[PDB]
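A.B. asks: take a look and give me a structure for this.
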Amino acid sequence: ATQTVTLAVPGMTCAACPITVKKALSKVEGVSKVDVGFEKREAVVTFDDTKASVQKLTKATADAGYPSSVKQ
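C.D. replies: Numbers count the residues shown, from 1 in each chain. Okay, here it is:
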C-alpha cells in the first residue's frame, strides 16, 4: 500500500548523513509528502508504491550512505 507514516532515518549523530535520508524518501519513487531531518534522526514522509515501494526508497537510501526505515 502507499507509504504515509513515520520513517526511521539512520545517521542520527552522522556529520549530516540523515540530512540526505530526508530527501532520499521524497527523492526516490512513490514520493508524495515529506518530513525528515538529520537535526536528530527522524524520517517522516508519505510516499507510495503507486510507482515505487518501501524497500525501493529505503534501498536507494541505504545505497547512498544515508538510509531509512518504517516507523509509526
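
A.B. asks: which residues in this protein form helices?
C.D. replies: Assigned by DSSP state H, the helices in the chain fall at 18-27, 54-62.

A.B. asks: the last one vs helix 18-27, what angle?
C.D. replies: Counting by axes from the mean of the first three to the mean of the last three C-alpha atoms, to 10 degrees, helix 54-62 lies at 140 degrees to helix 18-27.

A.B. asks: show me what helix 54-62 packs onto, helices and strands only.
C.D. replies: If contacts are counted by 3 or more C-beta pairs under 8 Å, 6 or more residues apart in numbering; DSSP states H and E, helix 54-62 sits against strand 3-8, helix 18-27, strand 69-71. Placement of C-beta: from N, CA and C, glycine included.

A.B. asks: residue 3 contacts residue 50, correct?
C.D. replies: No - if you go by C-beta atoms under 8 Å, residue 3 and residue 50 don't touch, sitting 9.8 Å apart.

A.B. asks: more neighbours: the two, which one.
C.D. replies: Shown here are residue 3 and residue 50; by other C-beta atoms under 10 Å, residue 3 has more neighbours (23 against 12).

A.B. asks: show me the contacts for the more buried one.
C.D. replies: 30, 45, 46, 47, 48, 49, 54, 57, 70 (C-beta atoms under 8 Å, 6 or more residues apart in numbering).

A.B. asks: excluding chain neighbours, what is closest to the residue nearest the centre of the chain?
C.D. replies: Centroid-nearest residue in the chain: residue 25, 3.5 Å away (criterion: C-alpha atoms, centre = their mean). Of all residues not flanking residue 25 in the chain, residue 45 sits nearest, at 3.9 Å (C-beta to C-beta, 6 or more residues apart in numbering).

A.B. asks: what's the answer for residue 8, then?
C.D. replies: In space, and not counting its chain neighbours, residue 8 is closest to residue 69: 3.4 Å by C-beta to C-beta, 6+ apart.

A.B. asks: what's the most buried one of the helices of the chain?
C.D. replies: Greatest average neighbour count among the helices of the chain goes to helix 18-27 (a mean of 23), per mean count of other C-beta atoms under 10 Å.
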